[PDB]
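Engineer: sequence first, structure after, both from an experimental entry:
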Amino acid sequence: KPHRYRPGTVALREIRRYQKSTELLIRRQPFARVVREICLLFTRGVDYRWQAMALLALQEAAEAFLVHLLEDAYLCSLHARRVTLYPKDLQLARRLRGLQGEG
Amino acid sequence: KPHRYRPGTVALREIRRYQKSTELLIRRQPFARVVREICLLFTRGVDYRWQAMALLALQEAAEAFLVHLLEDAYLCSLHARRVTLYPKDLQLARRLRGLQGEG
Amino acid sequence: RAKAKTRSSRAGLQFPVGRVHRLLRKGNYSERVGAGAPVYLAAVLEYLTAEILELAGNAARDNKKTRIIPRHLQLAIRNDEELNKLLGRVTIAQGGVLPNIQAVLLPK
Amino acid sequence: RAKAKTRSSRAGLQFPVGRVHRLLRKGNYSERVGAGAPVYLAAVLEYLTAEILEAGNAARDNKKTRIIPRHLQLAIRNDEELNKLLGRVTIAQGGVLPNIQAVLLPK
Amino acid sequence: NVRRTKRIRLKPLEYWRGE
Amino acid sequence: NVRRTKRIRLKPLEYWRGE
Amino acid sequence: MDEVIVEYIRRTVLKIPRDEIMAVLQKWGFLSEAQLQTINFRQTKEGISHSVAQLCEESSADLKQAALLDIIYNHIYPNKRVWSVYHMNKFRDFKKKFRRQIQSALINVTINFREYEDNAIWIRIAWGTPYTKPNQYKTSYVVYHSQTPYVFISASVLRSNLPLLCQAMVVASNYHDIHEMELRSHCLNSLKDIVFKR
Amino acid sequence: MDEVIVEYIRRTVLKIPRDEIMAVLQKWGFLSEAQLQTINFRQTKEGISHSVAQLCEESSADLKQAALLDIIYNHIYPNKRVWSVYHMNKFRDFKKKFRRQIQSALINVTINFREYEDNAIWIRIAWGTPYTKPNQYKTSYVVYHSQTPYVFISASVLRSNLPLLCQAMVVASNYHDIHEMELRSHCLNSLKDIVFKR
Amino acid sequence: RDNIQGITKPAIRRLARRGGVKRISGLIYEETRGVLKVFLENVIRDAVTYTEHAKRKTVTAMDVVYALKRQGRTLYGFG
Amino acid sequence: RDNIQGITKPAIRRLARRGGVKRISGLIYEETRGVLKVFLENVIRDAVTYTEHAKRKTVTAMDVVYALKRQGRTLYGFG
Amino acid sequence: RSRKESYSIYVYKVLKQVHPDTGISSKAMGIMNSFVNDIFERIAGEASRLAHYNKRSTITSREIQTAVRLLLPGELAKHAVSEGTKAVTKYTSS
Amino acid sequence: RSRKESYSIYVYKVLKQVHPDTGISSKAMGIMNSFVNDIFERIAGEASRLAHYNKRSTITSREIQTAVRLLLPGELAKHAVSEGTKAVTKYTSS
DNA sequence: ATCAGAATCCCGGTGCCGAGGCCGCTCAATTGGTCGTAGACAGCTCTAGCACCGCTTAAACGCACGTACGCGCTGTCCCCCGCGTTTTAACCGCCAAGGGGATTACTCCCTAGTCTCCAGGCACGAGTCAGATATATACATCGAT
DNA sequence: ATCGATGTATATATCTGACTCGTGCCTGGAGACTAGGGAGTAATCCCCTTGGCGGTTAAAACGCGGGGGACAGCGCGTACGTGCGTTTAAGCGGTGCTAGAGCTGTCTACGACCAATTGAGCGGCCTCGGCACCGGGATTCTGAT
């Protein structure tokens, strides 16, 4: 007779644990690899050195944009009288921003 | 007996008649009155004249803002799989613009 | 003295160069404006104006007129991603909207 | 020769005035800057920075005598007429406001 | 303590429905 | 007559899903 | 109600040449000379405007002194507006009886008087519908020597009030008819006695 | 392998003095000299590099002449490295067995050879994994003479390949023992003459 | 006689019809007036601030295009 | 081998559980990598352009703020 | 051995006039430095195009006044302009 | 009344270059008069920002190139380079 | 409603590195004066914006009909959450080394600057034909049947 | 699949009225020639980034079970659509008329600019104590009684 929680109620403790802290949520190594990949996609093969503060800047602004995207899409999905999230709702919250997400 | 269409089948001819039209859709006298009303609020009583091309300018910008607002809210309402629009839909498309509408 | 040869004709450019150089001095974008910058910038504006007006003409002949009203400019700016992304924050005076019915509004 | 004094203490402001007067013409914003616009600009920056720091109301709840950027974010996202100024500007090591919707919480 | 500005440090003060 | 500059006149090319 | 009156004061003093302002405030006399002692005349005129604005905001000004400022501005600068002369056809309560027929159907309207010693009343009238506040910038004026059967009127751009104003002047005076003389100009003092001395 | 090549040629031409450009290009000999006759050299080094980059683009070099530019730029400027010397103990077949035995654990590796008359062979090794494309900026160089037990090594920042490099160098040669002498210097010819003499 | 209801009901109907809206609810006729009002309050303040700086007393079409450009939408075609 | 799946199956869950999300579908873990990669493309495509302009071969942290400003989101704390 | 100046000293001085018992880390100094070198740039880059509209070649105090009445949202501007004006009157005393 | 210079003639000339038989209304001339000043102001603002980062005190023809590859989205911008290069060489050879 | 059973927190404790001063020092404010000059102020003109005035008619208002979409109710079923375990690379030091910012001296090109033109672009004017109605209709479409 | 009813794209006049092309004319391009001064370009140098390596370990991978939400189907009722008769005010031309935008003169305070102080702000430096981690109990929720 173990203890199993209600499904769902771990998420509220997770939300209230993560909205407090100022840590980052993407590890520096895989984000570093996925950002060093793109310079070989844009600069015609030559590798550019990344100064190790600017990686933290991309690591900061990527989360500070993506969490806005996910929160606003969740607001849209809550508007749709359903409590979960979907690719349709990330699609919708990406569309109702015009070119402001893309420049 | 009279002849009535199915409802909606007037509206589609209304759309295909209106998207081709490049007229203004707000009449000049009421919009001129409602834009002269706010200058009394904002300039501490003294009225300001309006060069009558700038009335056409605001008469253009109100549509350029409002038809995109209504089109995007209708798109977000189409995300909820319901054919009509609602104040929830206008509030949601009013929400997912950040501060770019007011900033 | 010398020959009266405009700086535009030393590029074959239909936009003036002395105007751009005067606007870059007097408009206060730097202290000194080098001589190559208006030569470059007149070409960039020539290219952009031609890019609008060509699609404007293609919209014009597809309504069987000859003079371009702003409706063709709206219908030829917002019909290509290589220009729509440049002008997303610009409304056009009396432009109208693209012919745009959504997915599931139509009967049957 | 006389007994000199700064422009800032002659204007009674903490933000420097020689610095803003150096930047306001050698940053190419005009070919002429008047003798008063640096004083005014130092005043506006002074009022804005004091409006942010009065942060210290948020620091009482955390009981930390330092100010760390979580406090700054919880000040600026939670004060409207400074929110809208910095509405599309984020902050390093930011974090968001503690924010749950209404439909999510059970009975 | 020299500044203590007179203002109302109120809320996010939501738009999009009212106020 | 020398215009019709060499570009790729293309679609709307909708965003928000990739492409 | 509060920003509007200091606003009207500020706009009206703003249209005054720089070397005469301490003159007309000396004719105004609403704020004392002790308040007047902070006018830094050696800056531009809008700084003078803001200074007298905060001065009259301090002493809690109201529309009587603002209209007095306006009518002294007329008494010292009557050559701005355009004056047309009317002629009637067959005094201590004239002030009280003229503010009866004005508020007959045009209710929310403001009227004021000042007296010259030659029986010349300078009358300020700022028109307004009974739906909104009267606007103090479209203000019309009537000067009238009660001895003569002639009257000078500078009515502003608010038309369809000249017949009401002249008929109110007819019924308030002891006369029966009014006529618009075909002469008019904006140089009042030259045509001030042009009906006399023929 | 399409436009990284022209950018490699551009960034390697960029690392030359502006004055020795015609010398290294006429020593290189991929582009014709008539194509050299249309290039201005009073430009920036960026612009000179960009023009000769478009020239190399329209003449369509794939891989060999760029590596020749690399090894010739080192042939004129070898003191822009740090050179180690390995003492060992007990050319067509040499380079053939070397190519076949360096593609042993790592496959997509670029190898090139420059023969000299003083038994000197310069081997340029552009390194890479079986997954990664071979990088052109982490190169290693081998300077070897077939009458000495000494070899010169440009120890790159792609280390932990130099054991595999020296083992395939020894087994590619007619030798058995490998050893690193303790001396390294950023002047190649100094170690060259003090180990040819001693 | 209320000066905000000048943007009348079939005008808003046809204005949605331009955007491609089939059916509009009965309560949009307040919310769209509200957002039209707040948009004009966020534009005309900037326009009269432009002209009040220039000591002018009318608002030119340039002095509302400049308020729009700072606000976040340029409007081409007004000189 | 694969380079895009570093943003791992609970890390996106960690981001959603920061942004007030109670329950996620099983398709967001693949779909949001598209948005993350599009945003990273539209930042680095300006960052390398800036630091290529100054004839350098590093990417200084000033030339990430100076690209994020051109995108529309200034990033404080890296002056 | 070259100097890149800051606003750290001035932020630290103005911290004393609001909260006399508090501290700020290095990253909070970074936030309150990049904030100032953003908002001063925004006000000056507004006032420049504002004085360039009316063909005046200067930037007086008045154009900064229009910049702060336009740029700052709402009632905050209503005090900041006051905080300018009193300030510049102190510059006309001495 | 005195002098209000514009881009009215030049767009007409480039239209007669592209099209022999298309007229152009006055409102279209207004649109192509505001578009040219808008694009020119954006590119020159980016040129000034790039002058202000790298501490150089000028806007050379190199510094326009980064702005033109910056603003215009992708497959358009490259063509502008192969205009302007094809422009500027034709200046310097003459 | 209770009660074990988890998360959490908080009072106390320890170690440590980043703040707060400290201190030399040096280059950028500052005083002081000169001098063009940008714009402040005053005055004049003409033009477009406002207030009517009638009118006339097209749209706005209300209303009756009626239907179909939004919503609530089952239901069901299956996709995702929550542990358990088990693998595995992220991270932390740690060494190194050398590529390359970052500075410095020096040296040309080149662009601001001033004349001296002088003619491309511009503000007025006239003759328009490219559209804007306007019949009308020939044909597509809606919808009962 | 008809056929009746209804918009409408098509088309010949016509009557514009916005092009647009003409035309002097200037005021802004353009040669011509300095100059100084900012940027190119070698040349060195130290710093900090990449490259490994070992080794922990805290997350990932996966799995598996079960249940709670998404979706689907179905009634039902209303709030919408839609024409219709009306009525009202928007827009039509037309007339003042006038406030007020613009445009010239002409000063005159005033800001650029050049030099000599000279100290205020900046780069190292160094304590030390505010804070980053345990830890152990002391709490608050919560899932099935």
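Structural biologist: Right, received. Where do you want to start? Residues are numbered from 1 along each chain as shown, chains lettered A, B, ... in the order given.

Engineer: give me the number of residues near residue K:87?
Structural biologist: The number of residues packed near residue K:87 is 22, by other C-beta atoms under 10 Å in any protein chain shown. All C-beta atoms are positioned from the backbone trio N, CA, C, and that covers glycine.

Engineer: surely it is in a helix?
Structural biologist: Yes: under DSSP: H, G, I helix; E, B strand; the rest coil, residue K:87 falls within a helix.

Engineer: quick one: it and residue D:39 touch, right?
Structural biologist: Yes: the pair formed by residue K:87 and residue D:39 meets the contact definition of C-beta atoms under 8 Å, at 5.9 Å.

Engineer: mutual contacts of those two, please.
Structural biologist: Contact criterion C-beta atoms under 8 Å, 6 or more residues apart in numbering or on different chains; residues shared by residue K:87 and residue D:39: D:11, D:13.

Engineer: excluding chain neighbours, what is closest to residue 9?
Structural biologist: Went with chain A since none was named. residue D:106 (7.5 Å; C-beta to C-beta, 6 or more residues apart in numbering or on different chains).

Engineer: I was thinking of chain I, sorry if that wasn't clear
Structural biologist: In this structure, residue I:9 finds its nearest non-sequential neighbour in residue I:29, 5.6 Å apart by C-beta to C-beta, 6+ apart.

Engineer: just give me the neighbour total for that neighbour.
Structural biologist: Applying other C-beta under 10 Å, we find 16 residues neighbouring residue I:29.

Engineer: next structured bit after the helix or strand containing it?
Structural biologist: For residue I:29, the host element (DSSP states H and E) is helix I:28-53. Following helix I:28-53 in sequence order, the next helix or strand is strand I:58-59 (DSSP H and E).

Engineer: pairing partners for that next one, with directions?
Structural biologist: strand B:49-50 (parallel) (DSSP bridges).

Engineer: residues from chain E in reach of chain D?
Structural biologist: Those residues of chain E that sit near chain D, judged by C-beta under 8 Å from any C-beta of the partner chain, are E:3, E:4, E:5, E:7, E:9, E:10, E:11, E:12, E:13.

Engineer: tell me which of the residues you listed fall in helices.
Structural biologist: Cross-referencing these against helices under DSSP state H gives no overlap.

Engineer: report the buried members of the residues you listed.
Structural biologist: Taking 16 or more other C-beta atoms under 10 Å in any protein chain shown as the criterion, what is buried in the residues of chain E next to chain D is residue E:3.

Engineer: nearest to chain D, of the residues of chain E next to chain D?
Structural biologist: Nearest to chain D among the residues of chain E next to chain D is residue E:13, at 3.8 Å by C-beta to the nearest C-beta.

Engineer: next, the residue nearest to residue A:9: secondary structure please.
Structural biologist: coil.

Engineer: so what's the residue count around it?
Structural biologist: For residue D:106, using other C-beta under 10 Å, the count is 7.

Engineer: cool, residue G:5 as well?
Structural biologist: By the criterion of other C-beta under 10 Å, residue G:5 has 21 neighbours.
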